[PDB]
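Next up is one chain by itself, shown in structure tokens, the form deposited in one PDB entry.
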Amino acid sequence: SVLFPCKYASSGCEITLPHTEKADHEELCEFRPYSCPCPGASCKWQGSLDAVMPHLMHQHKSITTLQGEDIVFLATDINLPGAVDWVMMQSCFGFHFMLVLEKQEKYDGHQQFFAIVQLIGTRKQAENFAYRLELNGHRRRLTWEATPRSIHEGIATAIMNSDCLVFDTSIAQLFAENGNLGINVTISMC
């Protein structure tokens, strides 16, 4: 029944909790710094939520934005060697969503793809949305639907748990044109 201030009180939290509860809150706390939501381990930026979009605009100029709830994410050059990243932004319902495609090295020459959407917003806000990722090919279709992650949470855990759209190179070839992959992204509200 002794109460401790949140470690992010200096940033404005005002929550005080029993030690039993302290870390569980501090992991979820809105006043926790946001890390750069871009894929890969190159950018080490951190800041508040309101600083994220300007950051992305200053430091990640190549990232393109599309307005609309229903768009096509065309990842080019998917067979180009290494582990690689694709990222773009989708604007709708008064929010920005980051679309990420990530290629990883798996067991042998075989590689795996992970595709996922994050909300540029809080976890609570993230709960109001759903997204759908669609791969389309000749007489085929692969679909993944879920709740977007808040960038507060990030995608490392989701991707690690296959909690996103997961497919490997052979799957990729079925849906690819040239060396490019079209991903249909549809956002909706719950």
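From 1 onward, residues are counted along the sequence shown.
Task: residue 109 left out of the model in a third or more of other PDB entries - done: Yes.
Task: 131 to 139 versus 153 to 161 - greater average Cα B-factor per the deposited record - done: The entry gives the higher C-alpha B-factor average to 153 to 161.
TODO: State which stretch shows the higher mean Cα B factor in the entry: 20 to 28 or 162 to 170.
DONE: The stretch with the larger mean CA B-factor is 20 to 28.
Task: Peak C-alpha temperature factor (PDB record), options 40, 148, 68, 121 - done: That would be 40.
Task: Highest-ranked of 107, 95, 114, 86 once sorted by CA temperature factor in the record - done: Reading the PDB entry, the winner on C-alpha B-factor is 107.
- [ ] Compare the C-alpha B factor of residue 79 with those of the other modelled residues in its chain, then answer lowest, middle or highest third.
- [x] For residue 79, the deposited C-alpha B-factor lands in the highest third.
Open item on the list: Lowest, middle or highest third: which one holds residue 3 when the chain's residues are ordered by CA B-factor from the entry?
Closed with: According to the entry, residue 3 has a C-alpha B-factor in the chain's middle third.
Open item on the list: What third of the chain does residue 51 rank in for C-alpha temperature factor, lowest, middle or highest?
Closed with: Middle third - that is where residue 51 ends up once the chain's C-alpha B-factors are sorted.
Open item on the list: Is residue 64 in the lowest, middle or highest third of its chain when residues are ranked by C-alpha B-factor?
Closed with: It falls in the middle third of the chain.
The same protein also exists as the form deposited in another entry; that form is not shown, yet it is the one meant from here on.
- [ ] Choose the entry from 57, 142, 130, 33 that sits at the hinge of the motion between the shown form and the other one, where one rigid part turns relative to another.
- [x] Selected hinge residue from the list: 33.
Task: Closer or farther in the other form: C-alpha pair residue 50, residue 13 (3 angstroms or more) - done: It is farther: the C-alpha separation of residue 50 and residue 13 rises by at least 3 Å in the other form.
- [ ] Looking in the other form, decide if the C-alpha atoms of residue 13 and residue 94 are closer or farther than in the form shown; they differ by 3 Å or more.
- [x] Compared with the shown chain, residue 13-residue 94 is farther in the other form.
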